[PDB]
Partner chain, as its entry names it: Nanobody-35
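Encoded as structure tokens, the following chain is the form deposited without its partner chain, with no partner shown.
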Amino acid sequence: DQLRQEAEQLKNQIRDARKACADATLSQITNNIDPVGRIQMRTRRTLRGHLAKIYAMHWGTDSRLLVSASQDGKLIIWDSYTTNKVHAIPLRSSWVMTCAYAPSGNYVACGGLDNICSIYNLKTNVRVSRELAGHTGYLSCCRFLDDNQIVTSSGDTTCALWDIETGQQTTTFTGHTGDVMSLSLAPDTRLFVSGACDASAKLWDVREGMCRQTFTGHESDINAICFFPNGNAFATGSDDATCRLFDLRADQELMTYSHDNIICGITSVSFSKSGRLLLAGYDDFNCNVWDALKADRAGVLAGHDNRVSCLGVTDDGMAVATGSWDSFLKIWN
């Protein structure tokens, strides 16, 4: 019981330290910037063919092809420009909760309630290539670090880095208390962050194999996380209908995004090319467009008949695509 006193003493010490470094709030500095203004968008393409609700999607590195997964047990690779299909890969397990597209464009991975991550080969038709096992809980997200190693986060309060060629775990990241829900990698692929179910987002270093920092601004479960293009900040979305912009060097949050007319949860968060606009999905059957530096809403992306569960922006910053439980994908511009 000595530790409870000890740990409590340290937590008190850090809070004073972060506090001293507050020369001024970001809203104080960002007060005279000309507003972005109203942002009007219209849907350009509508992709149909899915039998059930959609949970995940991921844009290709060429801003041309994308992948999506549904509860019908089927991955489909579309063609954004010509709105026609390219591939359709069946699945052994009908419950999938994530998908990813390799940076080289040769592999696609997916996981689900069954505790296995599967990798498919697209440039041989398409047949399962490798099955990775070892997690004791359902997978939540997975991202391709490179063409030979993949990092996954599961529901058993752990994250791990895999080796595709050998199929064995290389490093294991522990320290969370509740389930892990999402992650995002640094642009230079040296660090990544994860949002847990205990309202705490942590920073990891694959090379260090050890946690570096922790942020505890929220008060409910964390559903999604996105990383600022600079590499020194990230944004989070939780179940308390709020978005918060954290920071790495300052080691404390800067601004919060919320409105009094919305009481629903948040499902996805993404940035734009320049990082000026923060696009976030909601459970209110539509999407909102925020302002990164002033926290003023500048548009609404409506048109979905059910909740939005996916959101992604092309590497070229040309179009933003959304997914919903209505089994329909859209391309906005």
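Positions refer to the first chain, counted from 1.
- Per the record, residue 124 and residue 125 are separated by 1 to 3 deposited residues that are missing from the model.
Although not depicted, the form solved in complex with its partner chain is the subject of the following passage.
- Though the partner is left out of this view, residue 146 does not reach within 4.5 Å of its partner chain in the deposited complex, counting heavy atoms only.
- In the deposited complex, its partner chain sits within 4.5 Å of a heavy atom of residue 219.
- By the criterion of a heavy atom within 4.5 Å, residue 199 is counted among the residues contacting its partner chain in the deposited complex.
- Using a 4.5 Å cutoff between non-hydrogen atoms, residue 256 does not count as a contact of its partner chain in the deposited complex.
- Shown without its partner, the chain has 177 as the single residue in segment 173-194 with a non-hydrogen atom within 4.5 angstroms of its partner chain in the deposited complex.
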